[PDB]
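Data first, discussion second: the structure below is written as structure tokens.
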Amino acid sequence: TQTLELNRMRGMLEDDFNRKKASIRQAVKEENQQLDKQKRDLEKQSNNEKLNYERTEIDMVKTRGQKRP
Amino acid sequence: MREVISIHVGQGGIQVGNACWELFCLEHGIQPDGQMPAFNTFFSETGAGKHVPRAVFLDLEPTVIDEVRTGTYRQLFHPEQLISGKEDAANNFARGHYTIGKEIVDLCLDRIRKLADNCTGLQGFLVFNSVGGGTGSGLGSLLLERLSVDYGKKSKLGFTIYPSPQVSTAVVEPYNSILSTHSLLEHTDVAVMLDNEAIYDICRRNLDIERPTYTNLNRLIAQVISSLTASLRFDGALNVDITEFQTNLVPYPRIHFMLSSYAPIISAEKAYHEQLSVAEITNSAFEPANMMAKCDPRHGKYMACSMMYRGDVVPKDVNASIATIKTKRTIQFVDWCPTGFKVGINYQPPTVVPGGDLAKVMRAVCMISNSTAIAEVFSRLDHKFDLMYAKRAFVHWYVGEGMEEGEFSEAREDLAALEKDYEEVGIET
Ligand SMILES: Nc1nc2c(ncn2[C@@H]2O[C@H](COP(=O)(O)OP(=O)(O)OP(=O)(O)O)[C@@H](O)[C@H]2O)c(=O)[nH]1
Ligand SMILES: [Mg+2]
């Protein structure tokens with residue numbers, strides 16, 4: 001009975017340790033998923049901003065007609 | 001009570017040190033304010049919270065040190081450890097080793113002595129400088145002379161950003177690089193080549209950023225040096241001295257030119273797709289694609305290798321994986337080092353610097369090797385010198401300061417014997 005009381009100790013401790021480590025790994029996976037959104041969004045913002053700026057530049061250039069004094 | 005001193009001479013040194021101290025402040029919790037809401041290796045305490053880092057900053061061009069003086073870390077660095085002359089060096093050696101440098105190197109020595117008297121068990125020096133530079137080559141060589149003549153026992157681990165054999169930021173790099181090599185080879189014990197190109201290919205393959213900038217390369221170098229100091233910084237099952245490095249990695253008094261590698265370095269998505277086991281990571285660390293010095297190690301045979309692990313790293317799989325490595329076929333050691341590996345573990349997993357292209361990673365390994373492929377670099381570099389001295393080019397730019405010309409020959413001559421070195425030790429017996 002004592003050796004069973006102790007083997008269940010070992011078993012419970014190990015089947016808790018492993019679940020804890022797997023939880024840590026899942027948390028790291030979530031952290032990387034989160035980090036991905038930064039490079040997903042900053043690039044979108046910079047793309048839209050380049051679009052706006054270069055469109056405004058095209059406009060300002062094209063807005064040169066004739067003077068006719 | 002076991003600390004390091006870091007020096008950042010020149011332009012490359014000061015940039016990489018800027019990024020590296022950014023990383024260090026990030027790790028030890030020290031804020032840009034210098035207050036903190038483990039640091040005795042790098043930082044030091046001024047009685048009440050406001051800390052100061054152990055470093056000096058030398059670059060006679062007052063531009064980059066001004067970029068520091070006005071940057072986000074104006075409050076941290078000691079306002080006296082920011083020394084800069086009133087002119088530039090312009091990529092020739094004599095402009096930073098005979099005439100101009102003759103001014104502030106004494107100031108640097110005074111500042112270093114007044115830093116070291118406060119140290120308690122100072123272990124090693126860590127200079128940061130290019131050799132292709134003008135003030136990181138000459139002034140750095142003179143400072144190396146002064147250190148190796150005054151203190152002695154302390155190790156001197158320099159981290160020189162050599163220029164790649166292909167790309168070039170200047171056209172007079174061979175001269176003031178041969179000179180730097182020949183002037184340090186007698187006063188150093190470690191010199192890890194950090195090419196400025198292999199990291200570009202790395203960022204092109206592992207990180208998909210086709211357009212990387214000096215900032216990301218410096219972040220990576222900071223990561224390497226942090227993985228190195230992780231021993232002294234925080235504990236671990238295998239705490240290794242920095243004086244370990246000059247013991248495992250110095251076979252003969254003249255051949256002490258190591259090259260480093262870091263692993264893993266991946267983006268967020270790849271880490272999401274990858275396993276990153278100990279065996280996989282210590283296998284990838286040996287691939288040639290991630291050698292900081294642009295070489296092909298298969299061209300030669302290793303001599304020594306040291307590996308700093310950090311993170312969730314089980315030692316049994318460590319031993320198994322390194323055993324399998326030693327039984328792997330493509331690598332090759334030499335007869336006079338049957339004991340080739342050195343290991344050291346730490347429980348400080350790497351840091352995810354915000355915005356850094358590097359992703360959060362549980363495991364890491366930094367591999368510093370004394371190898372033989374690095375030898376051929378000199379050959380190709382010597383190549384350049386040939387075509388430059390076969391016409392006596394630019395010599396007048398050097399004699400127009402006061403450095404005797406014949407020195408060239410000597411320096412060149414030395415590197416010739418250097419090649420002989422790796423044909424006298426690399427040969428089996
Ligand atoms: N990887 C990397 N290399 C750098 C960095 N900053 C400078 N370098 C290198 O520094 C070298 C340029 O030569 P300099 O160091 O500027 O020359 P100097 O010794 O400072 O002297 P002067 O420039 O004439 O005032 C090049 O090889 C650069 O690649 C950096 O932040 N990262
Ligand atoms: Mg400069």
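Identifiers for the structure tokens are assigned positionally: chains receive A, B, ... in sequence, residues are indexed from 1 per chain, and ligands are indexed from 1 in the order shown.
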Neighbourhood of ligand 2 at 7 Å, counting only C-alpha atoms and all ligand atoms, reported as JSON, numbers by chain: {"B": [10, 11, 59, 60, 61, 88, 89, 90, 133, 134, 135]}
Strand (DSSP E or B) positions in stretch 159-313 of chain B, given as a VMD selection string: chain B and resid 159 to 161 190 to 191 193 252 255 259 to 263 304 to 311
Write a file of the just-selected residues containing N, CA, C and O atoms, as a PDB file, in the first residue's frame.
ATOM      1  N   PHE B 159      36.100  42.599 -30.709  1.00  0.00           N
ATOM      2  CA  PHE B 159      35.083  42.194 -31.674  1.00  0.00           C
ATOM      3  C   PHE B 159      35.183  43.137 -32.864  1.00  0.00           C
ATOM      4  O   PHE B 159      34.525  44.179 -32.905  1.00  0.00           O
ATOM      5  N   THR B 160      36.006  42.764 -33.838  1.00  0.00           N
ATOM      6  CA  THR B 160      36.281  43.612 -34.986  1.00  0.00           C
ATOM      7  C   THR B 160      35.327  43.288 -36.127  1.00  0.00           C
ATOM      8  O   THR B 160      35.174  42.122 -36.506  1.00  0.00           O
ATOM      9  N   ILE B 161      34.693  44.323 -36.674  1.00  0.00           N
ATOM     10  CA  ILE B 161      33.795  44.175 -37.818  1.00  0.00           C
ATOM     11  C   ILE B 161      34.668  44.291 -39.063  1.00  0.00           C
ATOM     12  O   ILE B 161      34.835  45.365 -39.639  1.00  0.00           O
ATOM     13  N   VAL B 190      42.084  37.324 -28.225  1.00  0.00           N
ATOM     14  CA  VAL B 190      40.878  36.902 -28.920  1.00  0.00           C
ATOM     15  C   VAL B 190      40.571  37.965 -29.963  1.00  0.00           C
ATOM     16  O   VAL B 190      40.765  39.161 -29.729  1.00  0.00           O
ATOM     17  N   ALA B 191      40.116  37.527 -31.133  1.00  0.00           N
ATOM     18  CA  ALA B 191      39.681  38.460 -32.167  1.00  0.00           C
ATOM     19  C   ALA B 191      38.649  37.729 -33.016  1.00  0.00           C
ATOM     20  O   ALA B 191      39.012  36.983 -33.928  1.00  0.00           O
ATOM     21  N   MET B 193      36.064  37.620 -35.810  1.00  0.00           N
ATOM     22  CA  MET B 193      35.687  38.337 -37.017  1.00  0.00           C
ATOM     23  C   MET B 193      34.170  38.368 -37.129  1.00  0.00           C
ATOM     24  O   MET B 193      33.513  37.330 -37.001  1.00  0.00           O
ATOM     25  N   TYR B 252      47.850  28.065 -29.635  1.00  0.00           N
ATOM     26  CA  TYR B 252      49.207  28.557 -29.731  1.00  0.00           C
ATOM     27  C   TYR B 252      49.215  30.073 -29.596  1.00  0.00           C
ATOM     28  O   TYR B 252      48.223  30.728 -29.924  1.00  0.00           O
ATOM     29  N   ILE B 255      47.926  31.944 -32.944  1.00  0.00           N
ATOM     30  CA  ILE B 255      46.691  31.634 -33.656  1.00  0.00           C
ATOM     31  C   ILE B 255      45.490  31.712 -32.720  1.00  0.00           C
ATOM     32  O   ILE B 255      45.140  30.739 -32.044  1.00  0.00           O
ATOM     33  N   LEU B 259      35.761  32.793 -34.820  1.00  0.00           N
ATOM     34  CA  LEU B 259      34.578  33.266 -35.520  1.00  0.00           C
ATOM     35  C   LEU B 259      33.354  32.698 -34.818  1.00  0.00           C
ATOM     36  O   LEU B 259      33.394  31.590 -34.276  1.00  0.00           O
ATOM     37  N   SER B 260      32.270  33.461 -34.819  1.00  0.00           N
ATOM     38  CA  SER B 260      31.115  33.140 -33.993  1.00  0.00           C
ATOM     39  C   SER B 260      29.907  32.777 -34.845  1.00  0.00           C
ATOM     40  O   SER B 260      29.888  32.951 -36.065  1.00  0.00           O
ATOM     41  N   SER B 261      28.890  32.252 -34.166  1.00  0.00           N
ATOM     42  CA  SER B 261      27.610  31.939 -34.784  1.00  0.00           C
ATOM     43  C   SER B 261      26.537  31.918 -33.706  1.00  0.00           C
ATOM     44  O   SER B 261      26.820  31.648 -32.537  1.00  0.00           O
ATOM     45  N   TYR B 262      25.309  32.206 -34.113  1.00  0.00           N
ATOM     46  CA  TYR B 262      24.179  32.303 -33.203  1.00  0.00           C
ATOM     47  C   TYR B 262      23.013  31.520 -33.779  1.00  0.00           C
ATOM     48  O   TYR B 262      22.827  31.469 -34.997  1.00  0.00           O
ATOM     49  N   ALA B 263      22.219  30.910 -32.900  1.00  0.00           N
ATOM     50  CA  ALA B 263      21.047  30.186 -33.367  1.00  0.00           C
ATOM     51  C   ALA B 263      20.086  30.032 -32.204  1.00  0.00           C
ATOM     52  O   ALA B 263      20.529  29.960 -31.056  1.00  0.00           O
ATOM     53  N   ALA B 304      38.922  24.475 -31.892  1.00  0.00           N
ATOM     54  CA  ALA B 304      38.225  24.517 -30.615  1.00  0.00           C
ATOM     55  C   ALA B 304      36.845  25.111 -30.835  1.00  0.00           C
ATOM     56  O   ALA B 304      36.610  25.828 -31.809  1.00  0.00           O
ATOM     57  N   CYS B 305      35.940  24.827 -29.905  1.00  0.00           N
ATOM     58  CA  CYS B 305      34.553  25.258 -30.055  1.00  0.00           C
ATOM     59  C   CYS B 305      33.913  25.356 -28.683  1.00  0.00           C
ATOM     60  O   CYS B 305      34.022  24.422 -27.884  1.00  0.00           O
ATOM     61  N   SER B 306      33.248  26.473 -28.411  1.00  0.00           N
ATOM     62  CA  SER B 306      32.565  26.702 -27.147  1.00  0.00           C
ATOM     63  C   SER B 306      31.125  27.096 -27.431  1.00  0.00           C
ATOM     64  O   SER B 306      30.859  27.870 -28.357  1.00  0.00           O
ATOM     65  N   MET B 307      30.203  26.570 -26.627  1.00  0.00           N
ATOM     66  CA  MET B 307      28.772  26.691 -26.868  1.00  0.00           C
ATOM     67  C   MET B 307      28.075  27.145 -25.598  1.00  0.00           C
ATOM     68  O   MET B 307      28.058  26.416 -24.598  1.00  0.00           O
ATOM     69  N   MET B 308      27.479  28.325 -25.646  1.00  0.00           N
ATOM     70  CA  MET B 308      26.678  28.834 -24.544  1.00  0.00           C
ATOM     71  C   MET B 308      25.208  28.621 -24.875  1.00  0.00           C
ATOM     72  O   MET B 308      24.695  29.193 -25.843  1.00  0.00           O
ATOM     73  N   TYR B 309      24.552  27.772 -24.093  1.00  0.00           N
ATOM     74  CA  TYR B 309      23.128  27.503 -24.206  1.00  0.00           C
ATOM     75  C   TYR B 309      22.350  28.352 -23.213  1.00  0.00           C
ATOM     76  O   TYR B 309      22.820  28.645 -22.112  1.00  0.00           O
ATOM     77  N   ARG B 310      21.134  28.716 -23.596  1.00  0.00           N
ATOM     78  CA  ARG B 310      20.236  29.354 -22.654  1.00  0.00           C
ATOM     79  C   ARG B 310      18.811  28.957 -22.993  1.00  0.00           C
ATOM     80  O   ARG B 310      18.482  28.700 -24.154  1.00  0.00           O
ATOM     81  N   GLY B 311      17.976  28.900 -21.964  1.00  0.00           N
ATOM     82  CA  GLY B 311      16.575  28.565 -22.098  1.00  0.00           C
ATOM     83  C   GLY B 311      16.265  27.180 -21.560  1.00  0.00           C
ATOM     84  O   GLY B 311      17.043  26.572 -20.819  1.00  0.00           O
TER      85      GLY B 311
END
Test item: chain B residues at most 9 Å from chain A, counting only C-alpha atoms, as a PyMOL selection string: chain B and resi 267-269+271-272+354-355+357+359-362
Helix (DSSP H, G or I) call set, DSSP backbone run, stretch 58-185 of chain B, as a VMD selection string: chain B and resid 64 to 69 94 to 97 105 to 116 138 to 150 173 to 184
Atomic distance atom CA of residue B:186 - atom 25 (O, counted along the ligand's line) of ligand 1, expressed in Å with one decimal: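 Atom CA of residue B:186 sits 25.1 Å away from atom 25 (O, counted along the ligand's line) of ligand 1.
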Stretch 369-382 of chain B surroundings by only C-alpha atoms, 6 Å radius, close-in-sequence under 2 positions cut, as a list in words: residues 258, 259, 297, 299, 300, 301, 302, 303, 304, 305, 384 and 385 of chain B
Distance query residue B:109 at most 10 Å, only C-alpha atoms, self and fewer than 5 positions along chain excluded, as a ChimeraX atom specification: /B:104,114-115,143,146-147
B:351, B:321, B:247, B:216 ranked by distance to ligand 1, top pick (using only C-alpha atoms and all ligand atoms): B:216
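Residues in contact with stretch 16-33 of chain B at 7 Å, where only C-alpha atoms are counted and same-chain residues fewer than 4 positions away are skipped, are listed as residues 8, 12, 39, 73, 75, 76, 218, 219 and 222 of chain B.
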